[PDB]
Amino acid sequence: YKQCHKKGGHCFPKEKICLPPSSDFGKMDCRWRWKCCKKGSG
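First residue of the sequence shown: 1, per the authors' numbering; consecutive thereafter.
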């Protein structure tokens, strides 16, 4: 989980859709299918 948490990325499912974008990058170091955004959307 390190690289994820580096970008503040908590680890979230693609289905969650973190918006607004940029902070949700794509994937760092999550499960191969999940994504990450900086800890902050809702």
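Note that beta-carbon positions come from the ideal geometry of N, C-alpha and C, so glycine has one too.
- Residues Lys38, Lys39 of the same chain have their beta carbon placed closer than 7 Å to that of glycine 8, with the five preceding and five following residues left out of the count.
- Excluding sequence positions up to five before and after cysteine 30, its CB lies within less than 7 Å of the CB of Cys4, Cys11, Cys36, all in the same chain and listed in chain order.
- In this structure, DSSP gives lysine 14 a helical state, which the three-state scheme calls helix.
- In the three-state reduction of the DSSP assignment, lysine 2 falls in the helix class, which pools H, G and I.
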